[PDB]
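Its first residue numbered 1316, the sequence shown is counted upward by one per residue in the authors' numbering. Backbone N, C-alpha and C define an ideal beta-carbon position, used for all residues, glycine too. I have placed the structure first, in the form of structure tokens, so that the comments after it can refer back to it.
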Amino acid sequence: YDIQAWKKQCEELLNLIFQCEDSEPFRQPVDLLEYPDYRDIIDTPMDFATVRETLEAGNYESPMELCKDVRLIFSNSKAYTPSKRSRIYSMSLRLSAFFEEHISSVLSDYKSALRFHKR
Ligand SMILES: C[C@@H]1CN(C(=O)c2cccn2C)CCN1C(=O)NCC1CC1
């Protein structure tokens, strides 16, 4: 019932994600001028370094907010892929599965802790 525990759990999960080779495409923001069409497709860029920085700045209030940003990484990758014959999209789908399998308990524990606090 620790209301704050999600933060270190999310830091540890980001550490695992950064270690995963499947995160390579997503670790840093897209150079908009390198992939010049990117901002025509993607209204809100997101990447794992931004997520970590947001977390470390104390600018997430809940793991749900972090989750929303991580899921945006994946939706952006899907929106930008030209095909499934892309190593990047393939990596996004695997990393997404990994993230979702690991974030579920974080979310559950946090929401449980909040409920207990309000009981
Ligand atoms: C811009 C695209 C798509 N892409 C993204 O969308 C992205 C970057 C950070 C967060 N996200 C969600 C990944 C990088 N990428 C590439 O094509 N890199 C490999 C190309 C053969 C050279």
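Using 6 Å as the cut-off, classify the Cβ of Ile1388 as near or not near the heavy atoms of ligand 1, replying yes or no. yes
Can you give me the Cβ contacts of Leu1329 inside the same chain, cut-off strictly under 6 Å, excluding the 5 residues immediately before and after it? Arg1367
Is the beta carbon of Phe1341 less than 7 Å from the beta carbon of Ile1388? yes
Which listed residue (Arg1434, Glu1327, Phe1431) has its alpha carbon closest to that of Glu1371: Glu1327
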